[PDB]
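Dropping structure.cif in here (mmCIF, C-alpha atoms):
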data_query
loop_
_atom_site.label_atom_id
_atom_site.label_comp_id
_atom_site.auth_asym_id
_atom_site.auth_seq_id
_atom_site.Cartn_x
_atom_site.Cartn_y
_atom_site.Cartn_z
CA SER A 1 -32.49 55.47 25.61
CA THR A 2 -29.52 54.57 23.38
CA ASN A 3 -25.97 56.01 23.66
CA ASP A 4 -24.65 58.42 21.01
CA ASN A 5 -22.67 55.97 18.85
CA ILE A 6 -25.90 53.96 18.34
CA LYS A 7 -27.68 57.12 17.24
CA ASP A 8 -24.95 57.71 14.62
CA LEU A 9 -25.41 54.11 13.44
CA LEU A 10 -29.20 54.59 13.20
CA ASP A 11 -28.70 57.66 10.94
CA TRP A 12 -26.10 56.01 8.66
CA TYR A 13 -28.03 52.81 8.03
CA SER A 14 -31.46 54.27 7.49
CA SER A 15 -30.36 56.91 4.96
CA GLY A 16 -30.45 54.74 1.83
CA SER A 17 -27.79 54.29 -0.85
CA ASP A 18 -26.67 55.60 -4.25
CA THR A 19 -26.91 53.24 -7.21
CA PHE A 20 -25.41 53.99 -10.63
CA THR A 21 -24.82 51.43 -13.38
CA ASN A 22 -22.32 51.42 -16.26
CA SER A 23 -20.49 54.52 -15.09
CA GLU A 24 -17.12 55.49 -16.56
CA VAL A 25 -13.77 55.88 -14.85
CA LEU A 26 -12.23 59.32 -15.53
CA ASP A 27 -9.30 59.10 -13.10
CA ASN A 28 -7.85 56.59 -10.61
CA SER A 29 -5.56 57.87 -7.92
CA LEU A 30 -4.51 56.26 -4.68
CA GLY A 31 -7.33 56.06 -2.19
CA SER A 32 -9.92 57.34 -4.68
CA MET A 33 -11.51 57.44 -8.13
CA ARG A 34 -13.37 60.05 -10.20
CA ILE A 35 -16.25 58.63 -12.20
CA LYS A 36 -18.78 60.00 -14.66
CA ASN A 37 -22.31 58.63 -14.28
CA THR A 38 -24.63 58.16 -17.25
CA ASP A 39 -26.88 61.02 -16.05
CA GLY A 40 -23.97 63.45 -16.27
CA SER A 41 -22.91 63.66 -12.67
CA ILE A 42 -19.42 63.04 -11.32
CA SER A 43 -18.69 60.76 -8.37
CA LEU A 44 -15.61 61.28 -6.23
CA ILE A 45 -15.27 57.99 -4.27
CA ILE A 46 -12.69 57.24 -1.51
CA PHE A 47 -11.11 53.85 -0.86
CA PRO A 48 -9.48 53.85 2.63
CA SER A 49 -8.38 50.20 2.50
CA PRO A 50 -5.06 48.71 1.28
CA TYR A 51 -6.76 45.32 0.63
CA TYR A 52 -9.39 46.84 -1.67
CA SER A 53 -7.71 49.48 -3.84
CA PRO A 54 -9.53 49.64 -7.21
CA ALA A 55 -7.26 49.21 -10.22
CA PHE A 56 -9.60 50.24 -13.01
CA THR A 57 -8.23 52.31 -15.79
CA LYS A 58 -9.62 55.41 -17.47
CA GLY A 59 -12.48 54.47 -19.77
CA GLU A 60 -13.39 51.25 -18.04
CA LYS A 61 -17.05 50.81 -17.03
CA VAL A 62 -18.08 50.12 -13.41
CA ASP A 63 -21.23 49.84 -11.23
CA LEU A 64 -21.83 51.93 -8.06
CA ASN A 65 -23.61 50.67 -4.89
CA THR A 66 -22.20 53.24 -2.50
CA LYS A 67 -23.08 55.59 0.40
CA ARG A 68 -22.61 59.34 0.35
CA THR A 69 -20.35 60.92 2.91
CA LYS A 70 -21.95 64.31 2.36
CA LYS A 71 -24.24 66.59 0.36
CA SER A 72 -23.70 66.66 -3.41
CA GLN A 73 -22.59 69.94 -4.99
CA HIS A 74 -23.40 72.08 -8.03
CA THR A 75 -20.05 73.43 -9.20
CA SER A 76 -19.42 76.74 -10.96
CA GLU A 77 -18.31 74.72 -14.00
CA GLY A 78 -21.91 73.43 -13.96
CA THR A 79 -21.22 69.83 -12.88
CA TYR A 80 -23.09 67.81 -10.27
CA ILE A 81 -20.74 66.03 -7.86
CA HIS A 82 -21.34 63.17 -5.41
CA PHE A 83 -18.98 62.41 -2.54
CA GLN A 84 -19.11 58.69 -1.77
CA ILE A 85 -17.17 55.94 -0.01
CA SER A 86 -16.34 52.50 -1.53
CA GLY A 87 -18.84 50.41 -3.52
CA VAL A 88 -17.36 50.17 -7.02
CA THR A 89 -17.50 46.81 -8.82
CA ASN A 90 -17.41 45.47 -12.39
CA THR A 91 -20.58 45.58 -14.52
CA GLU A 92 -20.84 41.78 -14.83
CA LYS A 93 -24.37 40.44 -14.44
CA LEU A 94 -25.91 37.21 -13.22
CA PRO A 95 -28.26 35.16 -15.53
CA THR A 96 -31.16 35.32 -13.11
CA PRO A 97 -31.29 37.66 -10.08
CA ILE A 98 -30.90 35.55 -6.94
CA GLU A 99 -32.21 36.11 -3.41
CA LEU A 100 -29.48 36.08 -0.73
CA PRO A 101 -30.05 33.43 2.01
CA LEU A 102 -30.27 35.70 5.06
CA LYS A 103 -31.48 34.22 8.38
CA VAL A 104 -32.07 36.64 11.28
CA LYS A 105 -32.23 36.02 15.05
CA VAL A 106 -33.28 38.69 17.52
CA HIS A 107 -32.31 37.61 21.01
CA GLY A 108 -32.30 33.97 19.93
CA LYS A 109 -35.76 34.17 18.34
CA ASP A 110 -35.99 33.72 14.59
CA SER A 111 -37.16 37.01 13.08
CA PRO A 112 -38.73 36.54 9.60
CA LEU A 113 -37.73 38.86 6.73
CA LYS A 114 -39.75 41.51 4.83
CA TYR A 115 -38.79 43.27 1.58
CA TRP A 116 -35.44 41.49 1.27
CA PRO A 117 -34.44 41.96 -2.41
CA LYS A 118 -32.91 39.86 -5.14
CA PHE A 119 -29.52 40.68 -6.63
CA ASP A 120 -28.34 40.21 -10.20
CA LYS A 121 -24.78 41.55 -10.14
CA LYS A 122 -22.20 38.76 -9.93
CA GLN A 123 -19.98 40.88 -7.73
CA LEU A 124 -20.70 43.05 -4.66
CA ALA A 125 -18.35 44.90 -2.34
CA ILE A 126 -18.43 43.68 1.26
CA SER A 127 -19.50 47.17 2.47
CA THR A 128 -22.53 47.06 0.15
CA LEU A 129 -23.60 43.72 1.65
CA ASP A 130 -23.00 45.36 5.03
CA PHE A 131 -25.48 48.15 4.41
CA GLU A 132 -28.11 46.04 2.65
CA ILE A 133 -28.08 43.61 5.59
CA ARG A 134 -28.06 46.37 8.27
CA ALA A 135 -30.89 48.27 6.51
CA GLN A 136 -33.07 45.16 6.62
CA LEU A 137 -32.29 45.04 10.36
CA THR A 138 -32.91 48.73 11.23
CA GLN A 139 -36.03 48.98 9.10
CA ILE A 140 -37.57 45.56 9.70
CA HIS A 141 -36.08 44.31 12.96
CA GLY A 142 -35.57 47.38 15.13
CA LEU A 143 -31.77 47.51 15.25
CA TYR A 144 -30.41 50.75 16.79
CA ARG A 145 -33.89 52.07 17.65
CA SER A 146 -33.78 50.85 21.24
CA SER A 147 -31.37 49.91 24.02
CA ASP A 148 -32.19 46.20 23.64
CA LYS A 149 -31.18 46.04 19.97
CA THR A 150 -27.76 47.63 19.82
CA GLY A 151 -25.34 44.77 19.25
CA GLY A 152 -24.83 41.45 17.53
CA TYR A 153 -23.10 40.60 14.26
CA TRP A 154 -23.57 39.36 10.70
CA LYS A 155 -21.58 36.56 9.13
CA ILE A 156 -21.19 35.43 5.53
CA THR A 157 -19.90 31.90 4.89
CA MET A 158 -18.73 31.16 1.33
CA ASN A 159 -19.07 27.84 -0.49
CA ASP A 160 -15.36 27.27 0.21
CA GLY A 161 -15.52 27.87 3.96
CA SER A 162 -14.21 31.45 3.91
CA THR A 163 -16.17 33.77 6.17
CA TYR A 164 -16.67 37.50 6.58
CA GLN A 165 -18.20 38.91 9.71
CA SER A 166 -19.07 42.33 11.08
CA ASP A 167 -19.79 43.59 14.56
CA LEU A 168 -23.17 45.38 14.69
CA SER A 169 -22.17 47.72 17.52
CA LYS A 170 -19.70 49.65 15.35
CA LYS A 171 -19.78 51.20 11.89
CA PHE A 172 -18.31 48.99 9.13
CA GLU A 173 -14.49 48.85 8.98
CA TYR A 174 -13.83 50.51 5.62
CA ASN A 175 -10.10 50.93 6.33
CA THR A 176 -9.70 47.13 6.39
CA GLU A 177 -12.18 46.20 3.72
CA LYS A 178 -11.49 43.18 1.54
CA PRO A 179 -12.09 42.93 -2.21
CA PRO A 180 -15.69 42.58 -3.46
CA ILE A 181 -17.01 39.00 -3.74
CA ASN A 182 -19.04 36.83 -6.11
CA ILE A 183 -22.46 36.74 -4.49
CA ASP A 184 -23.30 33.49 -6.30
CA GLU A 185 -20.67 31.79 -4.12
CA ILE A 186 -22.21 32.76 -0.77
CA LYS A 187 -23.36 29.64 1.10
CA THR A 188 -25.18 31.40 3.95
CA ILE A 189 -25.67 34.74 5.76
CA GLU A 190 -26.39 34.86 9.50
CA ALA A 191 -27.20 37.87 11.63
CA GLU A 192 -27.94 38.04 15.36
CA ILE A 193 -29.15 40.93 17.47
CA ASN A 194 -28.67 41.15 21.23
#
In structure tokens, write the structure found in this file.
Amino acid sequence: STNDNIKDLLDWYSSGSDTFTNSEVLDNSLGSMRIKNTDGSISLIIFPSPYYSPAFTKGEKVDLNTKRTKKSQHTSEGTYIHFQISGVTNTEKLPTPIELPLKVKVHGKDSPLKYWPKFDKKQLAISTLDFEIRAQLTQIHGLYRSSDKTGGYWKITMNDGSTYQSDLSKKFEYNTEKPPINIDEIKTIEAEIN
């Protein structure tokens, strides 16, 4: 028996993500962007953070690794629109797709990984890393599905000593999100469940 906030977390992190590559910027206002995907849909993405306010200009190409905030819509004008939050990075690729060094501990015990993917984009938003990591945990390790797996944290340590961490008992802090990072510079990723 989990409390309600954990149930909300279980629904958010087990609902997948939206991936679009080489999309085009149509407009860039404060706190948002309007983007046209190669399939013909439009994405309206919000950016609630002052530290990560995309500065792309009309016509520039960008990748999308985002989460939808709600059901897409078929407009009268005949367009298909997605409503998403964060997750826009440059289209720059890595030579060879790398596997991110994630180590997981569930109550101190080392929990081995299953279906943990490789990444080939040189840059990933911190919120994207947040949901990839938390999806591995909810799907493979039982996070949020029971009272004994409702807290903990994940921590990324960069080659230079910089770290990023997130508390597993709360949804990701989008309002304070930092700029995307070069995944090739990540030294390690730790995650512990309690």
Take the PyMOL selection byres ((chain A and resi 29-38) around 9), apply it to the structure above, and return the hits as an MDAnalysis selection string. chainID A and resid 20:28 39:50 53:54 56 62 85:86
Suppose a student applies the PyMOL selection byres ((chain A and resi 136) around 12) to this structure; what residues should they get, written as a VMD selection string? chain A and resid 13 to 14 16 102 to 104 111 to 117 129 to 135 137 to 144 154 191
Name every residue that the PyMOL selection byres ((chain A and resi 4-8) around 12) selects in this structure, writing the answer as an NGL selection string with chains first and numbers rising. :A and (1-3 or 9-15 or 138 or 143-151 or 168-171)
So the first atom is CA of residue 180 in chain A and the second is CA of residue 119 in chain A; what is the distance between them in Å, to one decimal place?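 Answer for the CA of residue 180 in chain A to CA of residue 119 in chain A separation: 14.3 Å.
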Please provide the set of residues having any atom within 7 Å of residue 193 in chain A, restricted to only C-alpha atoms, with same-chain residues fewer than 5 positions apart removed, written as a ChimeraX atom specification. /A:105-107,149,151-153
Could you tell me which of A:187, A:19, A:63, A:70 comes closest to residue 160 in chain A if we count all atoms listed in the file?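 Of the candidates, the smallest distance to residue 160 in chain A is held by A:187.
Straight-line separation from CA of residue 156 in chain A to CA of residue 186 in chain A: 6.9 Å.
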So what do you get for CA of residue 58 in chain A versus CA of residue 97 in chain A, distance-wise? 29.0 Å
